[PDB]
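Asks:
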Amino acid sequence: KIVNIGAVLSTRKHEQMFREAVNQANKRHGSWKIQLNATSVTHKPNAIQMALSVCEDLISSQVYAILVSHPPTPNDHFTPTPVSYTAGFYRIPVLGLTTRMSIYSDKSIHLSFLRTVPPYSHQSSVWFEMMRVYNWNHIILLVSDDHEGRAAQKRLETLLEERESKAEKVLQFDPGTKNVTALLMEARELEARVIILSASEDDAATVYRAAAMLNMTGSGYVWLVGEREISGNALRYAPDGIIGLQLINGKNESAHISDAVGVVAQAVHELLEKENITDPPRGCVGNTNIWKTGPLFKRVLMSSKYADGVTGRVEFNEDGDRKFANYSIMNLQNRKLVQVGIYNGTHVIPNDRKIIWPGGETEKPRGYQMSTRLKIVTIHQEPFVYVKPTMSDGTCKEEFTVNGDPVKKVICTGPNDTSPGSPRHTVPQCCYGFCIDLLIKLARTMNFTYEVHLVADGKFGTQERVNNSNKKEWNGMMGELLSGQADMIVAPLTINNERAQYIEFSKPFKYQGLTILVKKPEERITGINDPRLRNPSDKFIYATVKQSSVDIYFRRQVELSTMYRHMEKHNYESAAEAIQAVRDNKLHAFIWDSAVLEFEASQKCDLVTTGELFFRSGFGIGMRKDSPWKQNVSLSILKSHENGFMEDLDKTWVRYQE
Amino acid sequence: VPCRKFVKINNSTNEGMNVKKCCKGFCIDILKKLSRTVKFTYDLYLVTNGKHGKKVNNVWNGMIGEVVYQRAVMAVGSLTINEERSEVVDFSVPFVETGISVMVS
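Those protein sequences? They're chains A and D, same order as listed.
Counting with PDB author numbering, you get residues 25 to 544, 660 to 797 for the letters of the first sequence.
Add 433 to the 1-based position in the second sequence for PDB author numbering, that's all there is to it.
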């Protein structure tokens, strides 16, 4: 008829308040014969023999609730772990009260640990509530702590699953270093300015000093950290105007202990209304049997419903944390902490105090600086990308067309040849053609400059397993775009299902089908329906570009896998190699798009296309994810579609014949 | 597939009847294959306002008036795409290549 409560507490005043709350816990519960005894222990400068003394004293005491209430620990590890582990050896709930580490969030590791505080990742949820107020969609994550970094990124992806958006850049590395400045300069080149930081005080002061040396406290920069990053020398290195968080009654020890005693007491008086009430035996000497109502009492703690307390309502969720906590939002006004907001269970209310920013105005900084210099990557398309070496040094020969129009070239940068032939010989030459003048029209339309460069290979890009770690990766223009080295694939890119799963698309500019290049008895093929090409031989040589999207499109078509096993013996790197081989009568057929071969038939009259016109598809501009260059650019493309500018581009190259 | 059509009796009253009719064709097959793949529930009906869409003093009509004013969810049927229609709603990717032409003898 007795219940023991164990605690690790040092100060005699909080021990007296703890014993007074234990004595007053049986006040309003009538004249029932239950008794509540309390046992508190102090601290030894070590941690192993502390764990030993506490664990065997609470085994000999047979307590039901174990409390740790020491925020000023001299060790910066903040680990009450071994007492909770020894209680989890017999499945006894330990109620942690001070630390907020996410490693305690794992119920698989911490089988019988509960706490009345949330981890810091929920603060990012509050920062997700910052995404619901100021209409922000691109963040920059920086976490040094690898113990909580995976859980923080998992919670971040869970929160961004509702919007189905992704973070722009995430970083995890070893704490204690000082060169993170190159990563900060790479973050400077990004569009967003949202700085999310999750580390200790040393790494926070290091990145504050690194941002102060780079002078990242200008206009548009978003600064948003927590309570751990505004203490110690990080408070000395703190730039003004920074927006931080504050835990309401997180440091207030006495009311937290009183609320914990109320929660434990009402949980015990709820558990006394049930049967199958087992007791943990003397497990120190000759008793390794587990406490049989471990998960039962844990489920009793799962259904803990409350309506009274000092601060607010307390309830344990599927993770065992405190919900609906009130937070404070502080601002650093000239190295002075000024409160600028309050936070309810789910809602933010800024007060009448102004929001002073480190940059310019007091309104929200529109920190999405879009790319005004687009790194344009392209592949060498023969009717679209005409590449010519310069005359003397970086100049373009302004040749005139037959319509009185000078050719508007561009200084592109490209290699000589492929990697076995020419490994690294990249020069700036002059590029012009269809998509070059299309990009010139886009630059005339919108507010941007650009940077035209080429791709290192002659391939679009296919998904293939890299030989280490058994992972499928990309290459080509998709491999260079997703690496961040490029900005916009301006190329006749093959639109299919697999590419749209990873990036976003625009409206297609080119619309054409598929055909067969032959040379001119039926010398023609009449498309795919030739029965001699269904079961091929060494006579009719049909082939395609190596690592092309037509190969993937025919790889999905499992009913013509024999053509998949036939073109693999004759895969060519570029289409110009196929033109050179079919002019010298080494090839016999070539699956390729319609209008390119029609232009080559206008070049050379012996080139003949086939009769069947299948897979009438469209080619557009390769794009990034959700970006401010999506809606404006698609409206500009549609404006180019509605007028006769497509006919003008036909008059440049397509409609003209030779 | 069945659908309804609100056919009015006269011009004297605004009262009409929802006559149920059958439909087939291209977009019907597209919608049936979308219901096969996505496995959702659809609410198919017809518009009685008129043609595709035309703004008369910030008032759209037809399917544009049904979608922009949120009396429906999406327009599966045939619809031309220009600038202001792409401004008011979000089109999907194009699937069929349908331009304009001139019929002569």
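Just so you know, even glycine gets a beta-carbon here, dropped at the ideal spot from N, CA and C.
So, with DSSP's three-state summary, where would you put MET240 of chain A?
Replies: Walking along the first sequence from the start, residue 240 of chain A turns up at place 216. It is coil, neither helix nor strand.
Asks: Taking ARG36 of chain A as the reference, give the member of A:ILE26, A:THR66, A:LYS51, A:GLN59 with the closest Cα.
Replies: In the first sequence, the residue the question calls residue 36 of chain A occupies position 12. Among A:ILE26, A:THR66, A:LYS51, A:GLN59, the Cα nearest to that of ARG36 of chain A belongs to A:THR66.
Asks: Do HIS38 of chain A and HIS293 of chain A have their CB atoms nearer than 8 Å?
Replies: Here residue 38 of chain A refers to the residue found at position 14 when the first sequence is read from its first residue. Here residue 293 of chain A refers to the residue found at position 269 when the first sequence is read from its first residue. Not a contact, by the Cβ cut-off of 8 Å.
Asks: Nearest CA to the CA of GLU739 of chain A: which residue from A:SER687, A:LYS543, A:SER688?
Replies: Here residue 739 of chain A corresponds to residue number 600 of the first sequence, with the count starting at 1. Nearest option by C-alpha distance: A:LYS543.
Asks: Taking Cβ positions, are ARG755 of chain A and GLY537 of chain A nearer each other than 8 Å?
Replies: Within the first sequence, the letter at position 616 stands for residue 755 of chain A. Within the first sequence, the letter at position 513 stands for residue 537 of chain A. Contact flag set, yes.
Asks: Give a yes or no on whether the minimum CB-CB distance between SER534 of chain D and chain A is below 8 Å.
Replies: Counting from one through the second sequence, the residue named residue 534 of chain D turns up at place 101. It does not; no Cβ of chain A falls within 8 Å.
Asks: Assign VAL721 of chain A to one of three DSSP states: helix, strand, or coil.
Replies: Residue numbering aside, residue 721 of chain A sits at position 582 when the first sequence is read from its first letter. Of the three classes helix, strand and coil, the one that applies to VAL721 of chain A here is helix, per DSSP.
Asks: Rounded to the nearest angstrom, what separates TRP768 of chain A and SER395 of chain A at their Cα positions?
Replies: If you number the first sequence from 1, residue 768 of chain A lands on position 629. If you number the first sequence from 1, residue 395 of chain A lands on position 371. Whole-angstrom Cα-Cα distance: 8 Å.
Asks: Please list the terminal residues of the continuous alpha helix (DSSP H) segment that includes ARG448 of chain A.
Replies: By one-based count along the first sequence, residue 448 of chain A stands at place 424. Note, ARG448 of chain A: premise wrong, no alpha helix (DSSP H); not H, not E.
Asks: Whole beta strand (DSSP E) runs in the segment 499–533 of chain A with 3 or more residues, listed along the chain?
Replies: Runs found: 512–518.
Asks: When you check each C-beta in the segment 732–759 of chain A against every C-beta of chain D, which residues fall closer than 8 Å?
Replies: Against chain D - using a Cβ distance shorter than 8 Å - the residues of the segment 732–759 of chain A are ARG755, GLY757.
Asks: Just mark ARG306 of chain A as buried or exposed, buried being the case when its beta carbon has 16 or more other beta carbons within 10 Å.
Replies: Here residue 306 of chain A refers to the residue found at position 282 of the first sequence. Flag for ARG306 of chain A reads exposed.
Asks: Would you mind giving the Cβ-Cβ distance between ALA284 of chain A and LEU119 of chain A, rounded to the nearest angstrom? I have them listed as a contact below 8 Å.
Replies: Here residue 284 of chain A is taken as the residue at index 260 of the first sequence, counted from 1. Here residue 119 of chain A is taken as the residue at index 95 of the first sequence, counted from 1. Rounded, the Cβ-Cβ distance is 6 Å, consistent with contact.
Asks: Between which two residues does the alpha helix (DSSP H) harbouring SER84 of chain A extend?
Replies: In the first sequence, the residue the question calls residue 84 of chain A occupies position 60. Unbroken alpha helix (DSSP H) run through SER84 of chain A: 72–85.
Asks: For the alpha helix (DSSP H) that contains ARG260 of chain A, what are its first and last residues?
Replies: Here residue 260 of chain A refers to the residue found at position 236 when the first sequence is read from its first residue. Start and end: 257–260.
Asks: Verify whether the separation of the beta carbon atoms of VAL431 of chain A and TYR456 of chain A is less than 8 Å.
Replies: Along the first sequence, one-based indexing puts residue 431 of chain A at 407. Along the first sequence, one-based indexing puts residue 456 of chain A at 432. Yes. Within cutoff.
Asks: Name the DSSP beta bridge partners of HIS477 of chain A, please?
Replies: Here residue 477 of chain A corresponds to residue number 453 of the first sequence, with the count starting at 1. The partner list for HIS477 of chain A (beta bridge, DSSP) reads A:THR437.
Asks: Would you mind telling me which residues of chain D sit closer than 9 Å to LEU777 of chain A, beta carbon to beta carbon, in chain order?
Replies: As a first step, residue 777 of chain A must be located in the first sequence, where it is residue number 638. What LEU777 of chain A touches in chain D: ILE514, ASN515, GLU516, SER519.
Asks: Buried or exposed: where does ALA211 of chain A fall if 16 or more other Cβ atoms within 10 Å of its Cβ makes it buried?
Replies: Counted from its first residue, the first sequence places residue 211 of chain A at position 187. Looking at its Cβ environment, which holds 16 or more other Cβ atoms inside 10 Å, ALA211 of chain A is buried.
Asks: Output, in chain order, the set of chain A residues within a Cβ distance shorter than 7 Å of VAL526 of chain D.
Replies: For the purposes of this step, residue 526 of chain D is identified with residue 93 of the second sequence, where counting begins at 1. Within chain A, the residues near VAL526 of chain D are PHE529.
Asks: How big is the Cα-Cα spacing for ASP511 of chain A and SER222 of chain A?
Replies: Residue mapping note: residue 511 of chain A aligns to position 487 of the first sequence, counting from 1. Residue mapping note: residue 222 of chain A aligns to position 198 of the first sequence, counting from 1. Going from the Cα of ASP511 of chain A to the Cα of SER222 of chain A covers about 29 Å.
Asks: Could you tell me whether any Cβ in chain A is nearer than 8 Å to the Cβ of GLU530 of chain D?
Replies: Residue mapping note: residue 530 of chain D aligns to position 97 of the second sequence, counting from 1. So, interface residue.
Asks: Could you confirm whether any beta carbon from chain C is found closer than 8 Å to the beta carbon of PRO532 of chain A?
Replies: Absent here is chain C; the protein component of the structure consists of chains A and D.
Asks: If we define contact as Cβ-Cβ less than 8 Å, is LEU774 of chain A a contact residue for chain D?
Replies: To locate residue 774 of chain A, count along the first sequence from 1; it is residue 635. Taking Cβ atoms only, chain D reaches closer than 8 Å to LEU774 of chain A, which makes this a yes.
Asks: Can you tell me where the beta strand (DSSP E) holding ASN350 of chain A begins and where it ends?
Replies: What you label residue 350 of chain A is simply residue 326 of the first sequence in a count that begins at 1. That residue, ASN350 of chain A, is in no beta strand (DSSP E); it is neither H nor E in DSSP.
Asks: Only counting the same chain, and skipping five residues up and downstream in sequence, which positions put a Cβ closer than 8 Å to that of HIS449 of chain A?
Replies: Walking along the first sequence from the start, residue 449 of chain A turns up at place 425. Here the set comprises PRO439, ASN440, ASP441.
Asks: Assign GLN770 of chain A to one of two classes, buried (16 or more other C-beta atoms within 10 Å of its C-beta) or exposed (fewer than that).
Replies: Along the first sequence, one-based indexing puts residue 770 of chain A at 631. Looking at its Cβ environment, which holds fewer than 16 other Cβ atoms inside 10 Å, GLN770 of chain A is exposed.
Asks: Kindly indicate the opening and closing residues of the beta strand (DSSP E) around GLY30 of chain A.
Replies: For the purposes of this step, residue 30 of chain A is taken as the residue at position 6 of the first sequence. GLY30 of chain A -> beta strand (DSSP E) spans 26–32.
Asks: Mind checking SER525 of chain D: buried by the 16 CB within 10 Å criterion, or exposed?
Replies: Here residue 525 of chain D is taken as the residue at index 92 of the second sequence, counted from 1. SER525 of chain D is exposed by the Cβ-count criterion.
Asks: By Cβ distance, which residues of its chain are closer than 6 Å to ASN350 of chain A, with the 5 residues on each side in sequence left out?
Replies: Within the first sequence, numbered from 1, the residue matching residue 350 of chain A stands at position 326. For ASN350 of chain A, where only same-chain residues beyond five positions count, the Cβ hits under 6 Å are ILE272.
Asks: Can you look up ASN61 of chain A in the DSSP assignment and give me helix, strand or coil?
Replies: Residue 61 of chain A sits at position 37 when you count from the first residue of the first sequence. Correct three-state label for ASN61 of chain A: strand.
Asks: How would you call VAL452 of chain D, buried or exposed, if buried means at least 16 neighbouring beta carbons within 10 angstroms?
Replies: By one-based count along the second sequence, residue 452 of chain D stands at place 19. By the 10 Å Cβ count, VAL452 of chain D comes out exposed.
Asks: In the DSSP assignment, the alpha helix (DSSP H) including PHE340 of chain A goes from what residue to what residue?
Replies: Stepping through the first sequence from its first residue, residue 340 of chain A is reached at position 316. Neither: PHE340 of chain A is in no alpha helix (DSSP H) and is coded neither H nor E.
Asks: Measuring alpha carbon to alpha carbon, tell me which residue in A:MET155, A:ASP169, A:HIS171 is nearest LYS190 of chain A.
Replies: Numbered from 1 along the first sequence, position 166 holds the residue referred to as residue 190 of chain A. Residue A:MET155 is the option with its Cα nearest to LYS190 of chain A.
Asks: Using the C-alpha atoms, what's the distance from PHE533 of chain A back to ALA235 of chain A?
Replies: In the first sequence, residue 235 of chain A corresponds to position 211, counting from 1. In the first sequence, residue 533 of chain A corresponds to position 509, counting from 1. Going by the C-alpha atoms only, they are around 44 Å apart.
Asks: Find the residues of chain D that neighbour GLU781 of chain A, judging by a C-beta separation of less than 9 Å, and give them in chain order.
Replies: Working through the first sequence from its first residue, we reach residue 781 of chain A at position 642. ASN515, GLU516, listed in chain order.
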